């Protein structure tokens, strides 16, 4: 179901992090994931950031899901999903990486 305007999620270091953006259904739209640092990871199904560990999981009109395997403490922070239709809506996901 829907991703809210803000969320906090956790992940054990060393495991795989799944960032899942699900939105309303809208014609001719775009979905986009940003790193906390502000770099585009995927625009729709198309990778932008060049030599990184991020991998597409799923893309369709109302969903852009990606993975970060072997999550490290440096993978922590607020990721943004942007949804571009007539206007732009934003969902911020705060990631907390858990030790051990």
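Numbering follows the first chain given and starts at 1.
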Margin query: Averaging CA B factors per stretch from the PDB record, which one is higher: 57 to 65 or 70 to 78?
Written below: 70 to 78
Notebook entry, point to check: Once you work out the mean C-alpha B-factor for both 35 to 43 and 48 to 56 from the entry, which is higher?
Noted result: 48 to 56
Next item on the list: For residue 88, return the chain-relative third of its C-alpha B-factor as stated in the PDB record: lowest, middle or highest.
Entry: middle
Next item on the list: Divide the modelled residues of the chain into thirds by Cα B-factor and specify which third, lowest, middle or highest, holds residue 17.
Entry: middle
Checklist line | Assigned third (lowest, middle, highest) for the C-alpha B factor of residue 11 | finding: middle
